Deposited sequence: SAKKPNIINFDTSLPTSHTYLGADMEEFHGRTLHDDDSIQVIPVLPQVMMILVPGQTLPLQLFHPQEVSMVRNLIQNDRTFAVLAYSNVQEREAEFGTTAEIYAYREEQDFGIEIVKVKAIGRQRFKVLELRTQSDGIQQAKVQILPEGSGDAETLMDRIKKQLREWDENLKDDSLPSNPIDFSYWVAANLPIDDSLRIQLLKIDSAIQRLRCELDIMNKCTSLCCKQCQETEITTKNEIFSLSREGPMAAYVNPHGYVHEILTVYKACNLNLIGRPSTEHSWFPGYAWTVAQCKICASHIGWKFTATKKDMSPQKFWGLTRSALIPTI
């Protein structure tokens, strides 16, 4: 309930690298325009405009694609797969690289990037080259706003009950902040993205956060892991942010203060820690033993909070 922590520290993704080449030029595709944007193969998430996405690529094809993209408009396509295994996606969001680093070592050539969601699109064609790089023929969607600040002042009211402003004031920007930080599942995330007007998004987004109770283990159905009132915001991105592990896997985690039915595996560690100053420990379900997230404990008595949890969306479902 008290915070001694640079909340703007997790957004920097210091674990990735000390200093990376920043990029300031901004590409924004005109409304209803048809573009050919390449797709990163391993990324399997629902990206929201403004959501930051970190990446660590080791395959020579991914390195060759992003090395090429850096010299151009630095924009790749993140599809919102309707079925993950079937590669079936009809919508998606563009991602613009704003940070980049070329590290060798480990015998391989690596590229670490930090992208951010820009604009949604409707997929027209999804064609794969002979090498393997997937290219997407997409149609940029238009961004409608509207006059309904009462809806924003109602979202902000229930948001502050679960955690104690500094939120976006733009009705459009705030509509996507809510879409990226609410503990909703993928199917609901797509419904928010398919919505065109911010008024519909904000009016809809009000409808779910009243029907959202608690989060339970996916493999277990009825194992209450945390409630909608334990949400803690330790980052400027909010209570929901994406972080990449040493292997390159992106985890969309949620920061909560109290969690139940969780077993910690081993002793705390500070290696590659996503929250500088804290140590991590693998948290597992008590019954089914499926990985739920990580327990973060402070390494100093001067900082606060002393403990919190970061659980991934892929292991939890609302109930």
Exercise. Which parts of the deposited sequence have no C-alpha atoms in the model?
Worked result: 1-5, 170-173, 329
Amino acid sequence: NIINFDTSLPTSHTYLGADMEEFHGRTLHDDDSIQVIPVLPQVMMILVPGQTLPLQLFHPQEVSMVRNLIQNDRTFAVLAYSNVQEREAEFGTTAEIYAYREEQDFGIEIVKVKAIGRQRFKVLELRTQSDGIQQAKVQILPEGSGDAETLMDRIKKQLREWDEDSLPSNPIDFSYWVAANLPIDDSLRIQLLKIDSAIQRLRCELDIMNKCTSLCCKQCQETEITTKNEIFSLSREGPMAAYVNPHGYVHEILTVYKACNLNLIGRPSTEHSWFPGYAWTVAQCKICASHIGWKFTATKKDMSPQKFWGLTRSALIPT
From here on, numbers count along this sequence of modelled residues.
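C-alpha atoms forming the largest set that superposes within 1.5 Å between two forms make up the rigid core.
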Exercise. Rigid core superposed, root mean square over structures and residues, which stretch has C-alphas farther from this form in 5 other deposited structures of this protein, 86-94 or 100-108?
Worked result: 100-108
For this session: Any chance you could tell me whether 284-292 or 250-258 drifts more in 5 other deposited structures of this protein, judged by RMS CA distance from this form after superposing on the core?
Result: 284-292
Exercise. In the PDB record, does 291-299 or 11-19 carry the higher mean Cα temperature factor?
Worked result: 11-19
Problem set entry | 207-215 or 91-99, whichever carries the higher mean Cα B-factor | 207-215
Seminar exercise, completed: Scanning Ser169, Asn245, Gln119, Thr75 for peak Cα temperature factor in the entry gives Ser169
Problem set entry | Per the PDB entry, maximal CA B factor within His29, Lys286, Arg67, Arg267 | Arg67
Exercise. Which third of the chain holds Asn181 when residues are ordered by C-alpha B factor: lowest, middle or highest?
Worked result: lowest
For this session: Within this chain's modelled residues, let me know which third the CA B factor of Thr281 belongs to: lowest, middle or highest.
Result: lowest
For this session: Please place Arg236 in the lowest, middle or highest third of its chain by C-alpha B factor as given in the entry.
Result: highest
Problem set entry | Lowest, middle or highest third - CA B-factor, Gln61 | highest
Exercise. Taking the entry's C-alpha B-factors for this chain, is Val113 in the lowest, middle or highest third?
Worked result: lowest
